[PDB]
Amino acid sequence: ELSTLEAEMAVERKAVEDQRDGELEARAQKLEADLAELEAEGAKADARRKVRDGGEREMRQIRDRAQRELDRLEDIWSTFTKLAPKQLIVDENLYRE
C-alpha cells in the first residue's frame with residue numbers, strides 16, 4: 001500500500017500549502033487595503049510603518065503555522081515509513097495520528 005498512502009499524503013500536504021497561500025494572500029490584500037485607508041483618512045507617519053510591521057508579523061505567523069503543520073505531516077510520514085518493532089513514540093499526538 002506504500003504507493004497509495006504516499007499519494008494520499010502528498011495530497012494532504014498540497015491541501016495545507018494551498019490553504020497557506022490563500023490565507024497569506026488574504027492578509028496581504030487586507031494589509032494593502034488598510035494602508036490605503038490610512039492614507040485615505042488624513043495620513044500619519046510612523047502609524048503606517050507600525051501597522052505594516054503588524055501585517056508582516058501576522059503573515060509570518062500564518063506561514064509559520066502552516067510550516068509547523070507541514071513538518072508535523074513530514075514527521076508522521078517519516079515515522080511510519082521507517083516504523084519498526086521496538087521503536088518508542090514519546091509524543092501522544094504522533095501516536096494517535
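Ideal geometry is used to build each Cβ from the backbone, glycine not excepted, and the neighbour counts take in all protein chains shown. All of the numbers you see were taken from the coordinates with simple rules; none came from a lab.
Can you tell me which of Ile89, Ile62 is touching a helix residue (DSSP H, G or I) at 6+ places or on another chain (Cβ under 7 Å), touching a residue at least 40 places away in the same chain (Cβ under 8 Å) and either exposed (fewer than 13 other Cβ atoms within 10 Å of the Cβ) or among the β-branched types (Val, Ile, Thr) (or both)?
Just one listed residue meets the conditions, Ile62.
Looking only at the range 28-72, count every residue that is in contact with a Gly (Cβ under 9 Å, 6 or more places away or on another chain) and under 30 Å from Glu97 (Cα atoms) and tell me the total.
Number satisfying all stated conditions: 0.
Exactly one of these conditions fails for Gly55: (1) exposed (fewer than 11 other Cβ atoms within 10 Å of the Cβ); (2) farther than 26 Å from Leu5 by Cβ. Give me its number.
The failed condition is (1).
Tell me, please, whether a residue that is surrounded by 12 or more Cβ atoms within 10 Å (Cβ to Cβ) and closer than 19 Å to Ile76 by Cβ can be found in the range 20-27.
The answer is yes; a qualifying residue exists.
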